[PDB]
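Novice: Quick one, work-v8.cif (mmCIF, N, CA and C atoms; chains and numbers go by the auth columns):
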data_structure
loop_
_atom_site.group_PDB
_atom_site.id
_atom_site.type_symbol
_atom_site.label_atom_id
_atom_site.label_comp_id
_atom_site.label_asym_id
_atom_site.label_seq_id
_atom_site.Cartn_x
_atom_site.Cartn_y
_atom_site.Cartn_z
_atom_site.B_iso_or_equiv
_atom_site.auth_seq_id
_atom_site.auth_asym_id
ATOM 1 N N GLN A 1 -95.322 -17.316 79.435 0.00 1 Y
ATOM 2 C CA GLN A 1 -95.334 -17.431 80.894 0.00 1 Y
ATOM 3 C C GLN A 1 -96.356 -16.494 81.541 0.00 1 Y
ATOM 4 N N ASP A 2 -96.638 -16.738 82.824 0.00 2 Y
ATOM 5 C CA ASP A 2 -97.590 -15.933 83.583 0.00 2 Y
ATOM 6 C C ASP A 2 -96.860 -15.085 84.623 0.00 2 Y
ATOM 7 N N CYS A 3 -96.593 -13.832 84.246 0.00 3 Y
ATOM 8 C CA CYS A 3 -95.898 -12.876 85.111 0.00 3 Y
ATOM 9 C C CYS A 3 -96.852 -12.223 86.127 0.00 3 Y
ATOM 10 N N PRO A 4 -96.337 -11.860 87.339 0.00 4 Y
ATOM 11 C CA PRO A 4 -97.140 -11.215 88.403 0.00 4 Y
ATOM 12 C C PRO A 4 -97.564 -9.778 88.061 0.00 4 Y
ATOM 13 N N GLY A 5 -98.549 -9.266 88.807 0.00 5 Y
ATOM 14 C CA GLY A 5 -99.035 -7.908 88.600 0.00 5 Y
ATOM 15 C C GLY A 5 -98.544 -6.959 89.677 0.00 5 Y
ATOM 16 N N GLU A 6 -99.209 -5.801 89.805 0.00 6 Y
ATOM 17 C CA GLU A 6 -98.845 -4.790 90.807 0.00 6 Y
ATOM 18 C C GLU A 6 -99.375 -5.177 92.196 0.00 6 Y
ATOM 19 N N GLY A 7 -98.451 -5.290 93.156 0.00 7 Y
ATOM 20 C CA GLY A 7 -98.812 -5.655 94.523 0.00 7 Y
ATOM 21 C C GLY A 7 -98.724 -7.152 94.778 0.00 7 Y
ATOM 22 N N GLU A 8 -97.777 -7.811 94.103 0.00 8 Y
ATOM 23 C CA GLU A 8 -97.570 -9.252 94.243 0.00 8 Y
ATOM 24 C C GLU A 8 -96.100 -9.554 94.554 0.00 8 Y
ATOM 25 N N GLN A 9 -95.830 -10.786 95.011 0.00 9 Y
ATOM 26 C CA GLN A 9 -94.471 -11.214 95.361 0.00 9 Y
ATOM 27 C C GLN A 9 -93.674 -11.623 94.117 0.00 9 Y
ATOM 28 N N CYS A 10 -92.464 -11.066 94.002 0.00 10 Y
ATOM 29 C CA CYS A 10 -91.568 -11.359 92.887 0.00 10 Y
ATOM 30 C C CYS A 10 -90.234 -11.888 93.404 0.00 10 Y
ATOM 31 N N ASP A 11 -89.853 -13.082 92.938 0.00 11 Y
ATOM 32 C CA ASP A 11 -88.598 -13.712 93.362 0.00 11 Y
ATOM 33 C C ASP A 11 -87.509 -13.559 92.298 0.00 11 Y
ATOM 34 N N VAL A 12 -86.250 -13.655 92.743 0.00 12 Y
ATOM 35 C CA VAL A 12 -85.080 -13.524 91.858 0.00 12 Y
ATOM 36 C C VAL A 12 -84.708 -14.862 91.183 0.00 12 Y
ATOM 37 N N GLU A 13 -85.643 -15.822 91.204 0.00 13 Y
ATOM 38 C CA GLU A 13 -85.415 -17.139 90.608 0.00 13 Y
ATOM 39 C C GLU A 13 -86.065 -17.256 89.227 0.00 13 Y
ATOM 40 N N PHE A 14 -87.410 -17.188 89.171 0.00 14 Y
ATOM 41 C CA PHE A 14 -88.141 -17.310 87.900 0.00 14 Y
ATOM 42 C C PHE A 14 -89.469 -16.534 87.903 0.00 14 Y
ATOM 43 N N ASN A 15 -89.757 -15.807 88.991 0.00 15 Y
ATOM 44 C CA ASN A 15 -91.005 -15.045 89.090 0.00 15 Y
ATOM 45 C C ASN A 15 -90.743 -13.533 89.305 0.00 15 Y
ATOM 46 N N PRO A 16 -90.223 -12.811 88.264 0.00 16 Y
ATOM 47 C CA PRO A 16 -89.970 -11.367 88.334 0.00 16 Y
ATOM 48 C C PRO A 16 -91.159 -10.551 87.802 0.00 16 Y
ATOM 49 N N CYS A 17 -91.121 -9.221 87.987 0.00 17 Y
ATOM 50 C CA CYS A 17 -92.197 -8.347 87.502 0.00 17 Y
ATOM 51 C C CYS A 17 -91.954 -7.964 86.034 0.00 17 Y
ATOM 52 N N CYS A 18 -92.744 -8.565 85.129 0.00 18 Y
ATOM 53 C CA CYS A 18 -92.631 -8.305 83.686 0.00 18 Y
ATOM 54 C C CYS A 18 -93.314 -6.981 83.273 0.00 18 Y
ATOM 55 N N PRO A 19 -94.526 -6.622 83.827 0.00 19 Y
ATOM 56 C CA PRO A 19 -95.212 -5.355 83.478 0.00 19 Y
ATOM 57 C C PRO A 19 -94.446 -4.124 84.030 0.00 19 Y
ATOM 58 N N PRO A 20 -94.939 -2.848 83.837 0.00 20 Y
ATOM 59 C CA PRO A 20 -94.242 -1.633 84.338 0.00 20 Y
ATOM 60 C C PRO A 20 -94.166 -1.524 85.881 0.00 20 Y
ATOM 61 N N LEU A 21 -93.619 -2.569 86.518 0.00 21 Y
ATOM 62 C CA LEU A 21 -93.448 -2.609 87.974 0.00 21 Y
ATOM 63 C C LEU A 21 -92.044 -3.094 88.326 0.00 21 Y
ATOM 64 N N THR A 22 -91.586 -2.724 89.524 0.00 22 Y
ATOM 65 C CA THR A 22 -90.260 -3.104 90.010 0.00 22 Y
ATOM 66 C C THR A 22 -90.368 -4.078 91.188 0.00 22 Y
ATOM 67 N N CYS A 23 -89.285 -4.808 91.451 0.00 23 Y
ATOM 68 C CA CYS A 23 -89.253 -5.778 92.542 0.00 23 Y
ATOM 69 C C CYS A 23 -88.573 -5.187 93.781 0.00 23 Y
ATOM 70 N N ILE A 24 -89.393 -4.841 94.782 0.00 24 Y
ATOM 71 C CA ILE A 24 -88.902 -4.266 96.034 0.00 24 Y
ATOM 72 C C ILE A 24 -89.496 -5.030 97.231 0.00 24 Y
ATOM 73 N N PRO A 25 -88.642 -5.505 98.189 0.00 25 Y
ATOM 74 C CA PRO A 25 -87.167 -5.338 98.151 0.00 25 Y
ATOM 75 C C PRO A 25 -86.478 -6.159 97.043 0.00 25 Y
ATOM 76 N N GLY A 26 -86.777 -7.468 96.984 0.00 26 Y
ATOM 77 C CA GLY A 26 -86.191 -8.339 95.969 0.00 26 Y
ATOM 78 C C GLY A 26 -84.816 -8.867 96.351 0.00 26 Y
ATOM 79 N N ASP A 27 -84.611 -9.109 97.653 0.00 27 Y
ATOM 80 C CA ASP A 27 -83.326 -9.612 98.156 0.00 27 Y
ATOM 81 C C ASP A 27 -83.529 -10.663 99.272 0.00 27 Y
ATOM 82 N N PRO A 28 -83.810 -11.960 98.922 0.00 28 Y
ATOM 83 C CA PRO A 28 -83.947 -12.461 97.534 0.00 28 Y
ATOM 84 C C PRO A 28 -85.341 -12.206 96.946 0.00 28 Y
ATOM 85 N N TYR A 29 -86.364 -12.260 97.813 0.00 29 Y
ATOM 86 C CA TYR A 29 -87.758 -12.048 97.408 0.00 29 Y
ATOM 87 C C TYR A 29 -88.134 -10.571 97.481 0.00 29 Y
ATOM 88 N N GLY A 30 -89.121 -10.184 96.672 0.00 30 Y
ATOM 89 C CA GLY A 30 -89.573 -8.806 96.645 0.00 30 Y
ATOM 90 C C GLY A 30 -91.034 -8.674 96.259 0.00 30 Y
ATOM 91 N N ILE A 31 -91.447 -7.441 95.948 0.00 31 Y
ATOM 92 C CA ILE A 31 -92.830 -7.146 95.551 0.00 31 Y
ATOM 93 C C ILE A 31 -92.823 -6.250 94.302 0.00 31 Y
ATOM 94 N N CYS A 32 -93.903 -6.314 93.515 0.00 32 Y
ATOM 95 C CA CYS A 32 -94.030 -5.506 92.296 0.00 32 Y
ATOM 96 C C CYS A 32 -94.629 -4.131 92.623 0.00 32 Y
ATOM 97 N N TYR A 33 -93.750 -3.124 92.749 0.00 33 Y
ATOM 98 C CA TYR A 33 -94.172 -1.760 93.066 0.00 33 Y
ATOM 99 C C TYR A 33 -94.090 -0.856 91.838 0.00 33 Y
ATOM 100 N N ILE A 34 -94.884 0.223 91.849 0.00 34 Y
ATOM 101 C CA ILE A 34 -94.914 1.184 90.744 0.00 34 Y
ATOM 102 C C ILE A 34 -93.922 2.337 90.995 0.00 34 Y
ATOM 103 N N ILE A 35 -93.136 2.663 89.965 0.00 35 Y
ATOM 104 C CA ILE A 35 -92.140 3.736 90.049 0.00 35 Y
ATOM 105 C C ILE A 35 -92.275 4.714 88.880 0.00 35 Y
#
Hey, can you dump this file as structure tokens for me?

Specialist:
Amino acid sequence: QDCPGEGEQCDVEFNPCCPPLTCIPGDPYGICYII
């Protein structure tokens, strides 16, 4: 699959942040932020 990068939109359906990034807010949609 093709996962998003840092600074992209991540949804709680099938498009989450696979690399070392988190989904914020992510309720339901979020963004891939670095922590």

Novice: Evaluate the PyMOL selection byres (((chain Y and resi 29 and name CA) around 7) and name CA) on the structure here and hand back the selected residues as a list in words.

Specialist: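 Selection result, ordered by chain and number: residues 10, 11, 12, 25, 26, 27, 28 and 30 of chain Y.
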
Novice: If you run DSSP on the backbone here, which positions in chain Y get strand (DSSP E or B)? Please write them as an MDAnalysis selection string.

Specialist: chainID Y and resid 9:11 22:25 29:33

Novice: Please provide as an NGL selection string all residues within 12 Å of residue 1 (chain Y), with the sequence filter that same-chain residues fewer than 3 positions apart are discarded (counting only C-alpha atoms).

Specialist: :Y and (4 or 14-18)

Novice: Create the file for the chosen residues now, containing N, CA and C atoms and written as a short mmCIF file (atom, residue, chain, number, x, y, z; two decimals), keeping the file's coordinate frame.

Specialist:
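File produced: again02.cif:
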data_model
loop_
_atom_site.label_atom_id
_atom_site.label_comp_id
_atom_site.auth_asym_id
_atom_site.auth_seq_id
_atom_site.Cartn_x
_atom_site.Cartn_y
_atom_site.Cartn_z
N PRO Y 4 -96.34 -11.86 87.34
CA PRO Y 4 -97.14 -11.22 88.40
C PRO Y 4 -97.56 -9.78 88.06
N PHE Y 14 -87.41 -17.19 89.17
CA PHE Y 14 -88.14 -17.31 87.90
C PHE Y 14 -89.47 -16.53 87.90
N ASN Y 15 -89.76 -15.81 88.99
CA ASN Y 15 -91.00 -15.04 89.09
C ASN Y 15 -90.74 -13.53 89.30
N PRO Y 16 -90.22 -12.81 88.26
CA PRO Y 16 -89.97 -11.37 88.33
C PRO Y 16 -91.16 -10.55 87.80
N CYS Y 17 -91.12 -9.22 87.99
CA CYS Y 17 -92.20 -8.35 87.50
C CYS Y 17 -91.95 -7.96 86.03
N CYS Y 18 -92.74 -8.56 85.13
CA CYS Y 18 -92.63 -8.30 83.69
C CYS Y 18 -93.31 -6.98 83.27
#

Novice: Care to translate the PyMOL selection byres ((chain Y and resi 32) around 6) into actual residues of this file, as a ChimeraX atom specification?

Specialist: /Y:5-10,17,21-24,30-31,33-34

Novice: What would the file look like if the residues just selected were written as a PDB file, in the coordinates of the input with N, CA and C atoms?

Specialist:
ATOM      1  N   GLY Y   5     -98.549  -9.266  88.807  1.00  0.00           N
ATOM      2  CA  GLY Y   5     -99.035  -7.908  88.600  1.00  0.00           C
ATOM      3  C   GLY Y   5     -98.544  -6.959  89.677  1.00  0.00           C
ATOM      4  N   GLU Y   6     -99.209  -5.801  89.805  1.00  0.00           N
ATOM      5  CA  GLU Y   6     -98.845  -4.790  90.807  1.00  0.00           C
ATOM      6  C   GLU Y   6     -99.375  -5.177  92.196  1.00  0.00           C
ATOM      7  N   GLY Y   7     -98.451  -5.290  93.156  1.00  0.00           N
ATOM      8  CA  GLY Y   7     -98.812  -5.655  94.523  1.00  0.00           C
ATOM      9  C   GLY Y   7     -98.724  -7.152  94.778  1.00  0.00           C
ATOM     10  N   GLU Y   8     -97.777  -7.811  94.103  1.00  0.00           N
ATOM     11  CA  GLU Y   8     -97.570  -9.252  94.243  1.00  0.00           C
ATOM     12  C   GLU Y   8     -96.100  -9.554  94.554  1.00  0.00           C
ATOM     13  N   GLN Y   9     -95.830 -10.786  95.011  1.00  0.00           N
ATOM     14  CA  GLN Y   9     -94.471 -11.214  95.361  1.00  0.00           C
ATOM     15  C   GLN Y   9     -93.674 -11.623  94.117  1.00  0.00           C
ATOM     16  N   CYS Y  10     -92.464 -11.066  94.002  1.00  0.00           N
ATOM     17  CA  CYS Y  10     -91.568 -11.359  92.887  1.00  0.00           C
ATOM     18  C   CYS Y  10     -90.234 -11.888  93.404  1.00  0.00           C
ATOM     19  N   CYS Y  17     -91.121  -9.221  87.987  1.00  0.00           N
ATOM     20  CA  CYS Y  17     -92.197  -8.347  87.502  1.00  0.00           C
ATOM     21  C   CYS Y  17     -91.954  -7.964  86.034  1.00  0.00           C
ATOM     22  N   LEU Y  21     -93.619  -2.569  86.518  1.00  0.00           N
ATOM     23  CA  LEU Y  21     -93.448  -2.609  87.974  1.00  0.00           C
ATOM     24  C   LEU Y  21     -92.044  -3.094  88.326  1.00  0.00           C
ATOM     25  N   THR Y  22     -91.586  -2.724  89.524  1.00  0.00           N
ATOM     26  CA  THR Y  22     -90.260  -3.104  90.010  1.00  0.00           C
ATOM     27  C   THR Y  22     -90.368  -4.078  91.188  1.00  0.00           C
ATOM     28  N   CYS Y  23     -89.285  -4.808  91.451  1.00  0.00           N
ATOM     29  CA  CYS Y  23     -89.253  -5.778  92.542  1.00  0.00           C
ATOM     30  C   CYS Y  23     -88.573  -5.187  93.781  1.00  0.00           C
ATOM     31  N   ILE Y  24     -89.393  -4.841  94.782  1.00  0.00           N
ATOM     32  CA  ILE Y  24     -88.902  -4.266  96.034  1.00  0.00           C
ATOM     33  C   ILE Y  24     -89.496  -5.030  97.231  1.00  0.00           C
ATOM     34  N   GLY Y  30     -89.121 -10.184  96.672  1.00  0.00           N
ATOM     35  CA  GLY Y  30     -89.573  -8.806  96.645  1.00  0.00           C
ATOM     36  C   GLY Y  30     -91.034  -8.674  96.259  1.00  0.00           C
ATOM     37  N   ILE Y  31     -91.447  -7.441  95.948  1.00  0.00           N
ATOM     38  CA  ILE Y  31     -92.830  -7.146  95.551  1.00  0.00           C
ATOM     39  C   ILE Y  31     -92.823  -6.250  94.302  1.00  0.00           C
ATOM     40  N   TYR Y  33     -93.750  -3.124  92.749  1.00  0.00           N
ATOM     41  CA  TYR Y  33     -94.172  -1.760  93.066  1.00  0.00           C
ATOM     42  C   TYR Y  33     -94.090  -0.856  91.838  1.00  0.00           C
ATOM     43  N   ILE Y  34     -94.884   0.223  91.849  1.00  0.00           N
ATOM     44  CA  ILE Y  34     -94.914   1.184  90.744  1.00  0.00           C
ATOM     45  C   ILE Y  34     -93.922   2.337  90.995  1.00  0.00           C
TER      46      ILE Y  34
END

Novice: Once 4 Å is added on each side, what centre and edge lengths in Å to one decimal does the axis-aligned box around all listed atoms of region 18-33 of chain Y have, as lines of an AutoDock Vina configuration file?

Specialist:
center_x = -89.3
center_y = -6.7
center_z = 91.3
size_x = 19.9
size_y = 19.6
size_z = 24.0

Novice: Could you give me region 9-20 of chain Y completed to N, CA, C and O atoms, formatted as a compact mmCIF listing (two decimals), in the frame of the given file?

Specialist:
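So rebuild.txt came out as:
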# COMPACT_ATOMS: atom_id res chain seq x y z
N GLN Y 9 -95.83 -10.79 95.01
CA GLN Y 9 -94.47 -11.21 95.36
C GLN Y 9 -93.67 -11.62 94.12
O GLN Y 9 -94.15 -12.41 93.30
N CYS Y 10 -92.46 -11.07 94.00
CA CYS Y 10 -91.57 -11.36 92.89
C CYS Y 10 -90.23 -11.89 93.40
O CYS Y 10 -89.56 -11.23 94.20
N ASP Y 11 -89.85 -13.08 92.94
CA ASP Y 11 -88.60 -13.71 93.36
C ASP Y 11 -87.51 -13.56 92.30
O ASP Y 11 -87.80 -13.36 91.12
N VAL Y 12 -86.25 -13.66 92.74
CA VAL Y 12 -85.08 -13.52 91.86
C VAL Y 12 -84.71 -14.86 91.18
O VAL Y 12 -83.61 -15.01 90.64
N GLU Y 13 -85.64 -15.82 91.20
CA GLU Y 13 -85.42 -17.14 90.61
C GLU Y 13 -86.06 -17.26 89.23
O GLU Y 13 -85.36 -17.41 88.23
N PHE Y 14 -87.41 -17.19 89.17
CA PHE Y 14 -88.14 -17.31 87.90
C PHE Y 14 -89.47 -16.53 87.90
O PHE Y 14 -90.22 -16.58 86.92
N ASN Y 15 -89.76 -15.81 88.99
CA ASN Y 15 -91.00 -15.04 89.09
C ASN Y 15 -90.74 -13.53 89.30
O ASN Y 15 -90.98 -13.01 90.40
N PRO Y 16 -90.22 -12.81 88.26
CA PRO Y 16 -89.97 -11.37 88.33
C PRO Y 16 -91.16 -10.55 87.80
O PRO Y 16 -92.09 -11.12 87.23
N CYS Y 17 -91.12 -9.22 87.99
CA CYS Y 17 -92.20 -8.35 87.50
C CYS Y 17 -91.95 -7.96 86.03
O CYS Y 17 -91.06 -7.16 85.73
N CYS Y 18 -92.74 -8.56 85.13
CA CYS Y 18 -92.63 -8.30 83.69
C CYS Y 18 -93.31 -6.98 83.27
O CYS Y 18 -92.76 -6.26 82.44
N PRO Y 19 -94.53 -6.62 83.83
CA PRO Y 19 -95.21 -5.36 83.48
C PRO Y 19 -94.45 -4.12 84.03
O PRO Y 19 -93.38 -4.31 84.62
N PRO Y 20 -94.94 -2.85 83.84
CA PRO Y 20 -94.24 -1.63 84.34
C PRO Y 20 -94.17 -1.52 85.88
O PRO Y 20 -94.58 -0.52 86.47
